[PDB]
């Protein structure tokens, strides 16, 4: 009986130990060795390329290598604190490489799978165990060595000569052409600029900027500008770009010679042509889809930063703000810009969508893309059209967005208030200016803004008010700017025709009187004014009716035949040619112009009125829209802040002054005294929600506390990982401290310090702490694995899951902290650390209690083990 149970326990323990050793060895070996061998081979190859070593001792040249601004040190701490950065560097490089390769392959597969690529190529060509783990590391090392050798020695070796040739060509062309042009016809320009104003100011900053280019050029040609990612990456970049250009040019050149009337009969050339064409299309589509999704949001974020976030949160003298807060990791500045840009695009799209289907007639916005768009192929349309047209469209869109963002926000927060009005009302005070991304002044603002957005979004009775305001101001603007019919649909004849009074001086001063003083003609009106001095007004339309589309999703090949003057009987005033239109369509369509099918279903035309000089009246409208949006935003913000300041200061402050003495009160008194001339985010948010309630009441006439969390619960239906991680860490922290505190108890007992003194020689103050930390880390890993498994298994429902997590967390925390609490009660680190440190110095009872408490803990563990062992034996008995 006992022998069988012992044998079974030994077998189970041996199997578990073998499995654990195998998995630990595999994981540690891979995750640690492979990146480190990658970095070692990279350093070795860079050293071989350069021809010399930074430290002409080999070993010190492999840990630091070319790392500048880092004094070397051979201590173990100074090696452990350095070898983590190398691992992070290699991990990041591998992640980027893998992501790029995956994206490229997926794009190529999607392009090849399309049904138009076959037609395009037809047009172009024409008709016809421990040992296993050990062995799986050497192969990875060899593959890393080979891939690194190829991809980091061939491109650089070719790129050296490529940069030599490029630099020579550029220098020759510059020195020739620029100097020839300057010597020929620049004397007059120099004479004019000598005393035009400017030359000193322009040349000073020009040579200052030109010095940087000269400085960078010297760094590459003379090996002094090492330790920089750019200077080391440039030859590989140029080699890859030249290879891509050569591939595309070779595809185009091989394509030539044959067409649809004389196909290719050589099977060898067909495969080469197909692969080259597929690569060309993959590169084109990847560039086009990368620009719109990553390059434009980042630029928009940078622009929005420089225009709005720097003048308010930071000082006005500086240009950019984001690079300062994220000084811990500068590359992380690339994510904040993207987030800001995409949020701006999302909100602008929402606003445009609101205006589209409520106020303006359908047809005034066809250049912007439409969300519904039943006949919209995002990928098939990106292959047919050439690259130039799409690039031009993207550039124009970016320029328009630049005008909007920069002009609006910059003029409002940089030139109007700080200079023309001389006020700080858009400047956060000094004491609450964010300075870092892991502080409280930033997190509080972020959370307040997010929760105010949540409360104001799903609240109702505000969107109808916004729509009413927008409709009213649009009616007001379009009734006066003469664009009554073109933009809205409704119209009155009185909008067509501007009259002239008796005299310009009379018209300017007495326009109403002249109006108070029957269509006609300009000559007839002049004759009547010159003959009878009684009619100070006339009527002459001076407007032409036009033909406009009737939907925002009309076909691209049809818009060309619209926008032509039409008389009152649906008859064209002048004939419209067709040969020029056909030639323009053929030229703009490209070679594959006949591969595109146009959905000519939603194709109608309206009859509207357009006023004379129809190029400034639809820019004044945008100006007025900007003005009114700014008025609304500024009014809301200032009113909210003023209302909250009034309420707080004339409410709570006297109450606190009466209850608590004139000594929390101090901070609230200063914060409510500068807010009369500065901006406050929290007051603005609170006033915004209060005004939301008030405006809901106003709209009702002319969600108190419960609906808030009601919607929040549905929103939250992040917490699964955070709760488990915190609970596991808290238990680990208590266990680590208890183990550290328990370790010192033995030293005190040993002193009662011969053994303690003898042990202290071999770093006894840190070995026990390290062992306790390792044990606590292992326990935390096990607990976290168990918690993750339980959460995945258990994936009203939230309350039950929260109760299970709370019960598990509370039970572990209570048991772990109970011995500490009992020790703390007996005392009333900690007592053990005090006893250890009291080498130069009641306590007997406390010492006895600690020994007694330790015995109880050991006895409990042994009883559980005996019960667990007996349970295993019972299962073994049933099996036998």
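Note that each Cβ is placed from the backbone with ideal geometry, even for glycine, and that neighbours are counted across all protein chains shown. Every number here is computed from the coordinates shown, using simple stated rules; none is lab data.
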Legend entry - Distance (nanometres) between label positions extended 7 Å along Cα→Cβ at residue 505 and residue 874: 11.7 nm
Legend entry - Calculated FRET efficiency for the pair residue 180/residue 580, C-beta based, R₀ 51 Å, to 0.05: 0.80
Legend entry - Förster-model FRET efficiency, 41 Å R0, residue 792 and residue 655, C-beta, rounded to 0.05: 0.20
Inset, instruction - Could you work out how far the C-alpha centroid of the range 856-876 sits from that of the range 556-584, in angstrom? - result: 94 Å
Inset, instruction - Give me 346, 665 ranked fewest to most by other Cβ atoms within 10 Å of their Cβ, as a rough exposure proxy. - result: 346, 665
Inset, instruction - Evaluate the relative contact order of the range 294-427 (contact order divided by residue number), counting alpha-carbon pairs under 8 angstrom at least 6 apart; express in whole percent. - result: 38 percent
Inset, instruction - With all distinct Cα pairs included, what does the Kirkwood hydrodynamic radius of the range 544-680 come out to in Å, to one decimal, could you say? - result: 21.8 Å
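Once a ≥ b ≥ c are taken as the square roots of the eigenvalues of the Cα gyration tensor of the range 481-604, is the result rounded (a/c under 1.5), prolate (a/b larger than b/c) or oblate (a/b not larger than b/c)?
Details: a/c = 3.72, a/b = 2.85, b/c = 1.30.
Verdict is prolate for the range 481-604.
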Inset, instruction - Quick one: compute a quarter of the convex hull surface over the Cα atoms of the range 716-764 and quote it in nm². - result: 4.4 nm²
Legend entry - Whole-angstrom gap from the range 15-82 to the range 661-703, using each part's C-alpha centre: 57 Å
Legend entry - Fewest-first sequence of 118, 640, 9 by Cβ atoms within 10 Å of each Cβ: 118, 9, 640
Legend entry - Calculated P(r) tail over 12 Å for the range 1-54, as whole % of Cα pairs: 74 percent
Legend entry - Orientation-averaged projected area, Cα convex hull of the range 114-265 (nm²): 20.5 nm²
Inset, instruction - Please express the Cα-Cα pair-distance distribution P(r) of the range 294-427 as a list of whole percents, one per 10 Å bin, running from 0 to the bin with the greatest distance. - result: 10, 30, 32, 19, 8, 1
Legend entry - Cβ-Cβ FRET estimate between residue 861 and residue 763, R0 fixed at 41 Å, reported to 0.05: 0.90
Legend entry - Diffusion constant of the range 18-109 at 20 °C, which comes from Stokes-Einstein with the Kirkwood Cα-pair radius and 1.002 mPa s, µm²/s: 138 µm²/s
Legend entry - For peptides 681-687, 418-424, sequence by mean Cβ density within 10 Å, most packed first: 681-687, 418-424
Inset, instruction - Using only Cα positions of the range 814-866, each an equal point scatterer, no hydration layer, compute I(q)/I(0) via Debye at q = 0.29 Å⁻¹ and quote the log10 values to two decimals. - result: -1.21
Inset, instruction - Determine, for 248, 395, the number of other Cβ atoms within 10 Å of each Cβ, and report the residues in order from fewest to most. - result: 395, 248
Inset, instruction - Could you pull out which residues in the range 856-876 have an amide N less than 16 Å from a spot 7 Å beyond the Cα of residue 6, following the Cα-Cβ vector? - result: 869-870, 873
Inset, instruction - Take residue 435, project a point 7 Å from its Cα along the Cβ direction, then tell me which residues of the range 300-325 have their backbone nitrogen under 12 Å from it. - result: 325
Legend entry - Against the rule of thumb 2.2 N^0.38 Å, how large the Cα Rg of the chain comes out: 1.34
Legend entry - Anisotropy class of the range 282-364 from Cα gyration tensor, a/c 1.5 cut: oblate
Inset, instruction - In Å and from the alpha-carbon atoms only, list the Rg and Dmax of the range 179-248. - result: 19.1, 52
Inset, instruction - Would you kindly give the portion of the calculated P(r) for the range 718-879 that falls above 23 Å, as a percent of all Cα pairs? - result: 54 percent
Legend entry - Inter-label distance, nm, simple model (7 Å from Cα along the C-beta direction), residue 839/residue 460: 7.5 nm
Legend entry - Pair residue 193, residue 265: separation of 7 Å Cα→Cβ label points (nm): 6.4 nm
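From the P(r) of the range 388-437, could you give the percentage of C-alpha pairs in the tail past 17 Å?
On the way: 719 of 1225 pairs.
Of the Cα pairs, 59 percent sit more than 17 Å apart.
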Legend entry - Between the range 484-507 and the range 405-459, the Cα center-to-center distance that results, in Å: 43 Å
